[PDB]
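Coordinates in review
So you can see what is in the structure, the chains are spelled out below.
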Amino acid sequence: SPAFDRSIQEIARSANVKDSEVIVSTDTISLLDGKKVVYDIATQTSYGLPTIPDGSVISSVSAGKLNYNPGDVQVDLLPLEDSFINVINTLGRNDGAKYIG
Amino acid sequence: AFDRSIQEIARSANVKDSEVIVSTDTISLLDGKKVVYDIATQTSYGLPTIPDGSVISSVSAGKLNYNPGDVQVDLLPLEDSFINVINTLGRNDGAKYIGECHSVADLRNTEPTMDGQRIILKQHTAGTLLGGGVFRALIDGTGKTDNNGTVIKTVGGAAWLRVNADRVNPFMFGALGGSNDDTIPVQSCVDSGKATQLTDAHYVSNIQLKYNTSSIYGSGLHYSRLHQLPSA
Ligand SMILES: [Cl-]
């Protein structure tokens, strides 16, 4: 079939972000500015994006890692905001006791 | 399909397409499945461990029966759920999930974000398990001086205060006991502004009592003691 493919909306609704805030691993053209979720097509996993200088683009995404340009910089991708691993990581920080009311 | 249910469910739980099974699919193996979607209630569940080779017998009200053997099992919440977090923290050993500072050196590099903030100090000095405790933050730390055991100041000028209503003891200031030279931690106790309790034997070189707060209490005439080092 053709353009029945609602991938972007499915990824975006799942992470509770706007359609515009999604980028897929193979899109080497769009700017990362304002993106919040990157979807790794090859492993069908969404991830949260760390802070990236404005004006950057994907060079490649692979195994939990994002390579961007300009600068051939690599950064680890994040678990999604609303995940188990994010909550466990947050509580597990040195100052973690502060989250217990 | 011109139906995208599998995709909607797979992306909702952040798993692959092939890791989803719908309640009506009694043909696919359950091998590698992580999410089961119950068509009747329109609810996703995590799958418990299930022997290789199994297929669905049925799915109803939070339970799944599988073949061979028509075995009933409870469906789990999803990984990424409120319930799963609550259940994980509520386990016997759940205190292990709350992080702590591993030393006063790290506490000095940890800025509090709220006044009165509670933090857990694992130990004074890395790898010793001695001198740990709970501290409370003052964002405005002017007026307070780092003393290396009950007032620890951060690089950006907050103060962590040890929660300790009464006496201090050398371990709070870095004492190690055994054959260590504990002079400086003992000297900090007697200079701290509170009475000192000796809970063990501590080597020292020379100690000075200077204030009306420099009391020392032990629990016996032998085991709680200061011992002068041989070369002092
Ligand atoms: Cl706690």
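This entry, as listed in the PDB, derives from X-ray crystallography and reports a resolution of 1.9000 Å.

So, on to the interface of chain A and chain B. In this assembly, 29 residues from chain A lie in contact with 28 residues from chain B. Taking both partners together, chain A and chain B bury about 2,400 Å²; carbon and sulfur atoms supply 55% of that area. Contact with chain B buries area across many residues of chain A, yet A:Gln44, A:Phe84 and A:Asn94 alone supply 27% of it, more than any other trio. For the pair chain A and chain B, the interface holds 2 salt bridges. Here A:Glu10 ties to B:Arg4 by a salt bridge, and the two come within 2.8 Å at their closest N and O atoms. In this assembly, chain A and chain B are joined by 12 residue pairs in polar contact. Looking at the side of chain A that touches chain B, the elements that each hand over two or more residues are α1 (7–15), β3 (45–48) and α2 (84–91) of chain A. Here the side of chain A that touches chain B gets 5 residues from one element, more than from any other, and that element is α2(A). Among the residues forming the side of chain A that touches chain B, the class breakdown is 11 nonpolar, 11 polar and 7 charged.

A word on helix α2 (residues 82–89) of chain B. Turning to α2(B), its buried residues are B:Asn84, B:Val85 and B:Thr88. Looking straight down α2(B), one finds its buried side chains confined to an arc of 100°; they lie on one side. In this structure, the buried residues of α2(B) make contact with α2 of chain A.

A word on the sheet that holds strand β10 (residues 159–162) of chain B. Residue and element names in this part refer to chain B. The strand order across the open sheet formed by 4 strands is β7-β8-β10-β9, and the pairing between neighbours is antiparallel. Two strands bound the open sheet, and with one partner strand each, they are β7 (118–121) and β9 (151–153). Across the sheet, the mean angle separating the axes of adjacent strands is 30° when strand polarity is ignored. Where β9 meets β10, 3 bridges bridge the pair, whose relative direction is antiparallel. When the sheet's bridge partners are listed, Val 151 is paired in β10 with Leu 161.

By size, the foremost hydrophobic cluster in this structure holds 12 residues: B:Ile21, B:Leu30, B:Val36, B:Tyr45, B:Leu47, B:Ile50, B:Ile56, B:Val59, B:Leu64, B:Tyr66, B:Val73 and B:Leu75. Elements with a contribution of two residues or more to this core: β4 (55–60) and β5 (63–67) of chain B. Setting aside chain neighbours within four positions, we find B:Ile21 in contact with B:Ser28, B:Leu29, B:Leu30, B:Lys33, B:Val35, B:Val36, B:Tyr37, B:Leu47 and B:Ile56. A:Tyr47, A:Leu49, A:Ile52 and A:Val61 belong to the second-largest nonpolar core, a separate cluster that totals 11 residues.

Attention now moves to the pairing of β3(A). All names here are of chain A. Neither face of β3 is exposed, since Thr 45 and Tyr 47 on one face and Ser 46 and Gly 48 on the opposite face are all buried. Here strand β2 (residues 37–40) runs beside β3; their pairing, made up of 4 bridges, is antiparallel. Pairing of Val 38 across the sheet is with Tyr 47, part of β3. Count of turn residues in the β2/β3 antiparallel hairpin: 4 residues, of which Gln 44 carries a positive phi of about 45°.

We now examine a negative patch on the surface. On the surface, a cluster of negative charge is contributed by A:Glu81, A:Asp82, B:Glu79 and B:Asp80. Along the chain, B:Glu79 falls in the loop between β6 (71–74) and α2. Judged by its relative accessible area of 47%, B:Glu79 is partly exposed.

Cut-offs used in this document
Residues numbered from 1 in each chain as written, not as in the entry; some residues may be left out. Chains lettered and ligands numbered in written order. Part of a larger assembly, values for the part shown. Heavy atoms only, no water. Contact = heavy atoms within 4.5 Å. Buried area = accessible area lost by both parts, 1.4 Å probe. Salt bridge = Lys/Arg side-chain N within 4 Å of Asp/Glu carboxyl O. Polar contact = N/O pair within 3.5 Å; in protein donor to acceptor, adjacent residues only side chain to side chain. Helix = DSSP H or I, 4+ residues; strand = E, 2+ residues; numbered from the N terminus. Nonpolar A, V, L, I, M, F, W, Y, C, P; charged D, E, K, R; others polar. Buried < 20%, exposed > 50% of the residue type's maximum accessible area, 1.4 Å probe, protein only. Arc of directions from axis to C-beta. Pairing = 2+ DSSP bridges. Axes fitted to C-alpha atoms, helices over the stretch in contact; angles between N-to-C directions. Core = buried A, V, L, I, M, F, W, Y, C linked by side-chain atoms within 4.5 Å. Patch = residues over 30% accessible without salt bridge, like charges linked within 9 Å, V, L, I, M, F, W, Y side chains within 5 Å. Areas by Shrake-Rupley, 256 points an atom, 1.4 Å probe, with all protein chains shown as cover. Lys, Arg positive; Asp, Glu negative; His and termini not counted. Charge placed at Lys NZ, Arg CZ, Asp CG, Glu CD.

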